[PDB]
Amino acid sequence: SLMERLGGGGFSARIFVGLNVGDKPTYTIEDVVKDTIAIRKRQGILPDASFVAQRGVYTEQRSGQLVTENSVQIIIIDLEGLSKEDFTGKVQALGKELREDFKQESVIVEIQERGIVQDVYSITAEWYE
């Protein structure tokens, strides 16, 4: 076998997406898998990724209610040697669309470069209050 060392700036990302809508279990990990593939194909990027099922705990920002839910951690290692701005923008857009598609209050996105965190973002719904 060939031991090929990966090219580029060493970008990776983690995205956390919950599967409850408020206190109601609603979605599944496979829904997130399929939606992520579809979004990434429309970006023209290789969709390759890992999806980890989790239990998650989140405090709702408006009401303060604590929710325990199923959630998904998406792990993306860049295998295409994208620029920092290109990778970051595509991951941000993916997180923003996942938030809408799963009707979520918040999606967390972490961007790394050689494992060093460049940015942690909370993508937060602007539902009118």
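When you see a residue number, it is the position in the sequence shown, counting from 1.
- Comparing 8-16 with 106-114, the higher mean C-alpha B-factor in the PDB entry belongs to 8-16.
- Remark: stretch with higher mean C-alpha B factor among 23-31 and 47-55 is 23-31.
- Among all modelled residues in this chain, the alpha-carbon of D78 has a temperature factor (C-alpha) in the middle third.
- Among the modelled residues of its chain, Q92 has a C-alpha B-factor that falls in the middle third according to the deposited record.
- Per the deposited record, the Cα B-factor of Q61 falls in the highest third when ranked against the other modelled residues of its chain.
- Among all modelled residues in its chain, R42 ranks in the highest third by Cα B-factor.
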